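Peer 1: Questions regarding the structure given below will be posed in turn.
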Ligand SMILES: Nc1nc2c(ncn2[C@@H]2O[C@H](COP(=O)(O)OP(=O)(O)O)[C@@H](O)[C@H]2O)c(=O)[nH]1
Ligand SMILES: Nc1nc(NCc2ccc3c(c2)OCO3)cc(-c2cccc3[nH]ccc23)n1
Ligand SMILES: Nc1nc(NCc2ccc3c(c2)OCO3)cc(-c2cccc3[nH]ccc23)n1
Ligand SMILES: [Ca+2]
Ligand SMILES: [Mg+2]
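Protein chains in written order, with this note's numbering: chain A, 159 to 580; chain B, 90 to 148.
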């Protein structure tokens, strides 16, 4: 039955999670009460991937909601689809984590992690055949970052052969809540390097530049960024949520996308970003455009290890193949020659709400090193003077752990560079 | 988590011992100042008695 368990941790994680659930619930014809009111059996044909079936012939998201503070989960429960979530799947503490990875991972978070794992186990136990997990969170705060990576580590320990996938919002000084975000992000990337199979790098810098430059929004809110995130996530889960030609599970996708275990950080993109119907050439050109990428990295500065393209809507598969081939053949130097046929294409007949045609892009590119270099420089700029370290050592962390995290991330960068020059 | 607990306890411990040492040292110093002042006044009362005796034994 190929069940996925979804986990959203912290403020960012839970807001983007909520948008994800409202968007896909709309695609599957599920209303806020959990009743199906769609027009097509394809909407229900693979519904069990993300939704449990309840007695009242209710479909309930297979979703666990975690935070160290209550605020955001009250806001979820009051949100438009808030009644659809299982009440027992809300697991919240009272203390908060103060944007402090050490509080999320070692002190405040550890007290709550067991109760979160109990709910994960209760959901998995009733799965016909759990394929694995997806987590939504930011890396810049304390709960999603520190407690999220703690959760990931515990899930790996108890489900070591299951796929662990994250949608991870990466911090940027252009959209910043605290100065300590690079510390929290550096500590978290190391964890993801060890304990996830796939991590979608969603950079608030890129989301901001898209809202501002392309969408012409002078003052973009978190709501505007999360609209892009939810549309991207809908796109990336399309190929498993709707009927079609592909017999896939998270492991087959991972095996096709991840050539080396540590290099599993993907750039997502979306097109189109208006009433003019978009031709296949236009979707194809825009989905590969730097300006559509959500991890503010120039793909012309690296090479593609692998690419997945997912097209949604009624269109010519012939025309799709021709345009995808055109972009690969005309830009062959940006695709590594030593992985043949490394661009894969999926088509789903069902378009998202409002757009007639859309494309979602997943790239495993060596250019993602630019993101980690960015974070590393901000980390070093502080860590060379030990600035703000007392917030962390006061929760029991040693300087040594920071030095090791910094080293792990410079090694990740060096590995990406090795494969970019090969 | 154990290192964090230990550091909090050591801060409480060291502040408790520092405060108690300061308050004791202050009590001893204040009492010594008053005892020295009183001792000077008692030396005055002794001298006043020797004066009243000198005056008696002059007669
Ligand atoms: N894209 C996006 N980023 C967010 C959102 N909320 C917070 N952030 C970012 O996440 C970081 C703060 O982490 P946050 O989720 O608030 O901390 P936590 O809830 O304690 O885990 C900062 O880098 C913020 O820019 C959101 O709704 N959308
Ligand atoms: N995420 C993830 N996966 C791994 N896979 C290997 C595997 C083989 C057979 C399996 C299995 C998993 O599951 C049940 O059968 C290794 C690791 C890792 C990371 C970092 C340091 C490490 N030191 C030892 C290991 C490890 N991290
Ligand atoms: N790796 C990877 N690729 C994806 N794109 C499409 C694709 C189609 C055909 C392919 C292919 C990839 O690779 C081989 O043939 C989606 C995902 C994903 C991630 C996280 C949660 C998810 N819930 C549903 C899906 C999914 N994960
Ligand atoms: Ca506590
Ligand atoms: Mg915050």
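All C-beta atoms, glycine included, are put in the ideal place defined by N, C-alpha and C.
Using a Cβ cut-off of 8 Å (strictly closer), state whether residue 265 (chain A) contacts chain B.
Peer 2: The residue you call residue 265 (chain A) lines up with position 107 of the first chain. So, interface residue.
Peer 1: Quick check: residue 168 (chain A) and residue 295 (chain A), are their CB atoms within less than 8 Å of each other?
Peer 2: To locate residue 168 (chain A), count along the first chain from 1; it is residue 10. To locate residue 295 (chain A), count along the first chain from 1; it is residue 137. For residue 168 (chain A) and residue 295 (chain A), yes; Cβs fall inside 8 Å.
Peer 1: According to DSSP, which residues form a beta bridge with residue 165 (chain A)?
Peer 2: Looking up residue 165 (chain A) in the first chain gives position 7. In the DSSP output, where bridge partners are listed per residue, residue 165 (chain A) has A:222 and A:293.
Peer 1: Pick out the complete beta strand (DSSP E) segments inside the region 186 to 257 of chain A, 3 residues or longer, and give them in chain order.
Peer 2: Runs found: 209 to 211, 217 to 219, 221 to 225 and 248 to 250.
Peer 1: Any residue with its C-beta under 6 Å from a non-hydrogen atom of ligand 2 counts. Can you list them all in chain order?
Peer 2: Qualifying residues come out as A:314, A:318, A:319, A:352 and A:353.
Peer 1: According to DSSP, what are the bridge partners of residue 107 (chain B)?
Peer 2: In the second chain, residue 107 (chain B) corresponds to position 18, counting from 1. Note: residue 107 (chain B) sits in no beta bridge, so no partner.
Peer 1: With DSSP collapsed to three states, give me the class of residue 635 (chain A).
Peer 2: With chain A running from 159 to 580 in the structure shown, residue 635 (chain A) is simply not present.
Peer 1: For the region 274 to 361 of chain A, list the beta strand (DSSP E) runs that are entirely contained and at least 3 residues long, ordered along the chain.
Peer 2: Segments of the beta strand (DSSP E) lying fully in the region 274 to 361 of chain A: 290 to 296, 321 to 328 and 356 to 361.
Peer 1: What's the C-alpha gap between residue 415 (chain A) and residue 317 (chain A)?
Peer 2: Numbered from its first residue, the first chain carries residue 415 (chain A) at position 257. Numbered from its first residue, the first chain carries residue 317 (chain A) at position 159. So the two alpha carbons sit approximately 21 Å from each other.
Peer 1: Provide the residue span of the alpha helix (DSSP H) that contains residue 558 (chain A), from first to last.
Peer 2: Taking the first chain and counting its residues from 1, one reaches residue 558 (chain A) at position 400. Its alpha helix (DSSP H) spans residues 557 to 579.
Peer 1: Determine, using beta carbons only, whether residue 124 (chain B) comes closer than 8 Å to chain A.
Peer 2: Translated into the one-based positions of the second chain, residue 124 (chain B) becomes position 35. Taking Cβ atoms only, chain A never reaches closer than 8 Å to residue 124 (chain B), which makes this a no.
Peer 1: Report yes or no: do the region 460 to 467 of chain A and the region 500 to 507 of chain A share at least 3 C-beta pairs separated by less than 8 Å?
Peer 2: In short, these stretches touch, since the Cβ pair count reaches three.
Peer 1: When burial is assigned at 16 or more other CB atoms within 10 Å of the CB, is residue 433 (chain A) buried or exposed?
Peer 2: In the first chain, the residue the question calls residue 433 (chain A) occupies position 275. Exposed, because fewer than 16 other Cβ atoms sit within 10 Å of the Cβ of residue 433 (chain A).
Peer 1: Should residue 232 (chain A) be counted as a contact of ligand 5 given a C-beta to heavy atom distance under 7 Å?
Peer 2: Translated into the one-based positions of the first chain, residue 232 (chain A) becomes position 74. Not so, every heavy atom of ligand 5 lies at least 7 Å from the Cβ.
Peer 1: Could you name the residues, in chain order, whose CB is less than 7 Å away from a heavy atom belonging to ligand 5?
Peer 2: Counting every residue whose Cβ lies closer than 7 Å to a heavy atom of ligand 5, we get A:169, A:257, A:299 and A:335.
Peer 1: Could you tell me the alpha carbon to alpha carbon distance between residue 556 (chain A) and residue 225 (chain A), rounded to whole angstroms?
Peer 2: The residue you call residue 556 (chain A) lines up with position 398 of the first chain. The residue you call residue 225 (chain A) lines up with position 67 of the first chain. Each residue's alpha carbon lies about 25 Å from the other.
Peer 1: Output the residues surrounding ligand 3, defined as those with a CB atom closer than 7 Å to any ligand heavy atom, in chain order.
Peer 2: Going along the chain, the residues that qualify are A:162, A:292, A:323, A:356, A:394, A:395, A:397, A:398, A:399, A:404, A:406, A:408, A:410, A:411, A:412, A:414, A:415, A:466, A:468, A:502, A:504 and A:520.
Peer 1: Please identify the residue among A:564, A:447, A:417 and A:290 whose C-alpha is closest to the C-alpha of residue 426 (chain A).
Peer 2: Residue numbering aside, residue 426 (chain A) sits at position 268 when the first chain is read from its first letter. Comparing Cα positions, the closest option is A:447.
Peer 1: Excluding the five sequence neighbours on either side, which residues of its own chain have a C-beta within less than 7 Å of the C-beta of residue 535 (chain A), listed in chain order?
Peer 2: Your numbering for residue 535 (chain A) matches position 377 in the first chain. So no residue of the chain qualifies.
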